[PDB]
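Working through the structure, step by step
Here are the chains, one letter per residue:
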Amino acid sequence: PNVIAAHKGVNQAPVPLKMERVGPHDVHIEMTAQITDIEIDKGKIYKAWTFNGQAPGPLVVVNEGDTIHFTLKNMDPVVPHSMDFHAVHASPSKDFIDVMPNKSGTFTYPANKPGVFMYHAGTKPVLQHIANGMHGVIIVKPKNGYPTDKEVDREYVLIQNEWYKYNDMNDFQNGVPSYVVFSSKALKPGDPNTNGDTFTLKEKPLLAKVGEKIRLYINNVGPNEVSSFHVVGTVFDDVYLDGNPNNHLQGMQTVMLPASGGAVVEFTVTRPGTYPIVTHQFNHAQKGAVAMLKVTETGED
Amino acid sequence: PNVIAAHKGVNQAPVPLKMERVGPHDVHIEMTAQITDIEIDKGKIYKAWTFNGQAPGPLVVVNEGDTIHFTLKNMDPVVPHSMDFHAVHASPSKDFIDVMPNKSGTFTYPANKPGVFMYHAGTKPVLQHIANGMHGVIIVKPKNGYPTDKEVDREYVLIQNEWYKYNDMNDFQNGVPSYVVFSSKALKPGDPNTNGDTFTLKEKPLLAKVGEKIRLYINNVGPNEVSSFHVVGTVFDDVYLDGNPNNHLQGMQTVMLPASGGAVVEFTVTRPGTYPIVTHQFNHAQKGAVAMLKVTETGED
Amino acid sequence: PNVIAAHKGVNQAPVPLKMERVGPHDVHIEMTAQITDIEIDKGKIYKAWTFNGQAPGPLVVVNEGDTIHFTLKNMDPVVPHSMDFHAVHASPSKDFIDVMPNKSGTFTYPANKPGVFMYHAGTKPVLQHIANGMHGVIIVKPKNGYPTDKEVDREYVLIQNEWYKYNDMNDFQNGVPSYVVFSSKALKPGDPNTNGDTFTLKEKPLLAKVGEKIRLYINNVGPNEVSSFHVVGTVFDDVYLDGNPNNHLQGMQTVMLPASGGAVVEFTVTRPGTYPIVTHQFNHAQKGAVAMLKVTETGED
Ligand SMILES: [Cu+2]
Ligand SMILES: [Cu+2]
Ligand SMILES: [Cu+2]
Ligand SMILES: [Cu+2]
Ligand SMILES: [Cu+2]
Ligand SMILES: [Cu+2]
Ligand SMILES: [Cu+2]
Ligand SMILES: [Cu+2]
Ligand SMILES: [Cu+2]
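Residues numbered from 1 in each chain as written, not as in the entry; some residues may be left out. Chains lettered and ligands numbered in written order. Heavy atoms only, no water.

As annotated in the PDB entry, chain A carries the name Copper-containing nitrite reductase and comes from Geobacillus thermodenitrificans. Per UniProt, chain A has the following entry under Subunit (unreviewed entry): "Homotrimer." UniProt annotates chain A under Catalytic activity (unreviewed entry) with the comment "nitric oxide + Fe(III)-[cytochrome c] + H2O = Fe(II)-[cytochrome c] + nitrite + 2 H(+)". (UniProt positions renumbered as here; feature names shortened; annotations may be inferred.)

The copper ion (ligand 4) binds to the protein through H28 of chain B (NE2) and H69 of chain B (ND1), with metal-donor distances spanning 2.0 Å. Taken together, the positions of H28 of chain B in strand β2 (residues 26–41) and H69 of chain B in strand β5 (residues 66–74) put the pair 41 residues apart, joining distant regions of the chain. (Donors = N, O, S within 2.8 Å, 3.2 Å for Na, K, Ca; no water. Helix = DSSP H or I, 4+ residues; strand = E, 2+ residues; numbered from the N terminus.)

Further remarks concern the UniProt feature "domain: Plastocyanin-like" (unreviewed entry) in chain A. UniProt's entry tags residues 35–144 and 182–296 of chain A with the feature "domain: Plastocyanin-like" (unreviewed entry), counted in the numbering of this structure. Helix makes up 8% of residues 182–296 of chain A and strand 50%, whereas the separation of the span's terminal C-alpha atoms amounts to 22 Å.

What follows is about the coordination of the copper ion (ligand 2). Only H81 of chain A (ND1), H129 of chain A (ND1) and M134 of chain A (SD) from the protein coordinate the copper ion (ligand 2), and they sit 2.0 to 2.2 Å from it. Spacing between the donor residues of the copper ion (ligand 2) along their common chain follows H-x47-H-x4-M.

Our next topic: the interface of chain C and chain A. Taken together, the 30 residues of chain C in the interface contact 44 residues of chain A. Here chain C and chain A share an interface that buries about 2900 Å² over both sides, 54% of which is from carbon and sulfur atoms. Where chain C packs against chain A, one counts two salt bridges. Its salt-bridge partner being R271 of chain C, residue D95 of chain A comes within 2.7 Å of it at the nearest N-O pair. Along the contact surface separating chain C from chain A lie 24 residue pairs in polar contact. Counting residues per element, the ones that place at least two in the side of chain C that touches chain A are β14 (227–231), β16 (248–252), β19 (273–279) and α5 (282–286) of chain C. Residues that form the side of chain C that touches chain A fall into these classes: 11 nonpolar, 16 polar and three charged. (Contact = heavy atoms within 4.5 Å. Buried area = accessible area lost by both parts, 1.4 Å probe. Salt bridge = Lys/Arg side-chain N within 4 Å of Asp/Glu carboxyl O. Polar contact = N/O pair within 3.5 Å; in protein donor to acceptor, adjacent residues only side chain to side chain. Nonpolar A, V, L, I, M, F, W, Y, C, P; charged D, E, K, R; others polar.)

What follows is about the pattern of salt bridges. Enumeration according to the criterion identifies 45 salt bridges over all chains in this entry. In this structure, the salt-bridge partner of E266 of chain A is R215 of chain A, at a minimum N-O distance of 2.7 Å. One end of the pair, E266 of chain A, is in strand β18 (residues 262–268); the other, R215 of chain A, is in strand β13 (residues 213–222), with 51 residues separating them in the sequence. Within the structure, one salt-bridge network assembled from shared partners comprises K113 of chain A together with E151, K213 and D237 of chain C.

Glancing now at unusual backbone geometry. The amide bond that connects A55 of chain A to the next residue, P56 of chain A, takes the cis arrangement and shows omega of -10 degrees. The topology assignment puts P56 of chain A in the loop between β3 (44–51) and β4 (60–63). Unlike most non-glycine residues, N167 of chain B shows phi in positive territory, near 50 degrees. Along the chain, the position of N167 of chain B falls in the loop between β10 (154–163) and α3 (169–174). One non-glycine residue, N102 of chain C, lies in positive phi territory at about 60 degrees. Within the secondary structure, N102 of chain C is located in the loop between α1 (92–95) and β7 (104–111).

Okay, structure coming up:
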């Protein structure tokens, strides 16, 4: 359950995601694997294993049908890391392979399917890499959109994850989570971009305006728990399981998400006030998994 | 993990739900918050935090499009309580607010969406209020019914909940349930109306007649567990997730319910006998979550 | 948590499933209940309570609309056993009854609904019988097939189950699983047929050829956990919940399965390599629930 000697005193500053389109259906993405201290609860630092110094990692957004030319630069001084995108068709033993310390690797694979996909490290033991922070979301936008696109006023991305005792494989396998948390990742400049902690989305709530229809792209990265996702004070008008437009449910109070499962959910906020966003497995909500949406008459705070 | 000193010796007798329609699309509902001893297992009393002296609370049935004018009278001598209906569009910070001891509050909000919705207290810590008994179901009947209405012979309502060590926030967050239980709530005069205990629906089974198609309205209120709902000896002909007629599945053996999730399920019983109703997460079934349906040639016992 | 004295030194050799069609819509099936040592992890023997000396038990495949004439021969010297098929309409108290040691019983019931159904012992306490190994799958093939039948190149059956401390009712109710495992059952001669262990499907992977569309029939028998089923390196093109052709989802990364829940999932493998098959609840994957699919240019190893 200990800290790797070579990580003592290592705290690598966050590095921005690099992404550029190189053709109509081809995108370059470069990420790092790095060791970064994150305050997951007030007064509690976790020396996380991260992509780009965030946990969950940075949001990646591509279009349906894009081929991704992905480079991972491993800045960890001792532990290999790798990348597995749930969005892609790839050979795990050729394309999701380990990149050694202070090396890079480049892999190419297509994102054929629209949706809200988990990404994570694929290095054995996978549980250890996920639990220590190596998870995130890639959104693949559908070529023809969603049937409800014209009704949506505002969009945000939320992610649920757990935290355990530091680097403790016994706890990761057999224990209950110490914290369960939400984070938000920016779809556009100015949106909140946060890490998985117990407090930021309570103290700095997401904003909306009375009468708006909100869309959330959500994924429960786990590693271990399922999620019962609910927004207090509203009902989901439309739900698309895994973000695929064909998996269309209506009028849900709560959306069941497996570990790694995603959804697009849409709902209307009819009155001003503060709306909690929870997992309705309330032991997890009590351990941190409550975010806030503040709805005002103007949409500003 | 203790008993509040002011609740020592308090056992407030159940009070009937009060509901009256005041217009074609407007309904008044008055409930209490009260402290009531419930026998959750033989020889085991839980001094529950309840609505109206039942846990889960009384069934509320309204029509799609009704506006609810809801009054809560708090009879607890020391703890504030509140009401959150998953059925409604409301401002949580204005409409789901605490009512102080020996006060009342009135709130108004619409139920726009059909289905089988959880209700519960919204007072912090929400986990504590739910785990101590402040949960229940509100059914919103669809304006145009369900496509299978003409095939259904009999209807019942079941609810699943957990019980933990008394008022023990550590156990509520980190422990396994001590009991997991079903209760049934009356849709019409004469139907069974019970509390969440390990024994009543085994000793006094629900009744049906050979060849009938039964509909169950079900909700898993939690607080913490998901449910794998199954009726032994049959297969669900039709399932409507959250009770919304558009979320229509067929031929399911078992229905996955998130915490707070609901469904309408319909099935046929072809032969006389006793049919267990379970969560198929069998550790929970062993801890109380088995109800019985007795099917006879006449439908009487 | 002990071994029954009468099972000390008992290790009954596996007996083949007996099945013969006796009419266009009538099938005879004969199974045993027997006590058989299974190596569930390297160096760890579990003296399992089984059907036919396998755990999970043998695969049963029938056609939609078949009536099953089922015989159970109980070879256990002291414990009664029984059979509950989720596929059938039956009276649990008449048709799923106990067969005493060294007796047989015969029961008749129809399989009206297509899908991938759990079977298990129905003897009280059911949790004890399931946890000790008395579970399996019955597939009911749809009369008109699946809409995607013409696209499928290869089929396999996988089952997920847990193992606990030996015959320990406290652990079964309150503990975390010691192991979570996959097994594969043969649809046709030559397919792998294995027991639920931590290693066989890693050391002897399932085979496929580059470019194939694979169909898996899957069921999570539990007893206690839900499953977040995922194949690394691909996305499910089509999913049929519980194997019913009408419950059709597309483009899922991960399929949520309740305890006893099934699915038919189909996906394409585009590149050669080894593809892990997991539950994405990664504590369970770490405890054994990883199988391998080896994809080669020829489909041979
Ligand atoms: Cu390139
Ligand atoms: Cu890593
Ligand atoms: Cu994954
Ligand atoms: Cu009024
Ligand atoms: Cu309360
Ligand atoms: Cu709620
Ligand atoms: Cu016969
Ligand atoms: Cu048995
Ligand atoms: Cu069963």
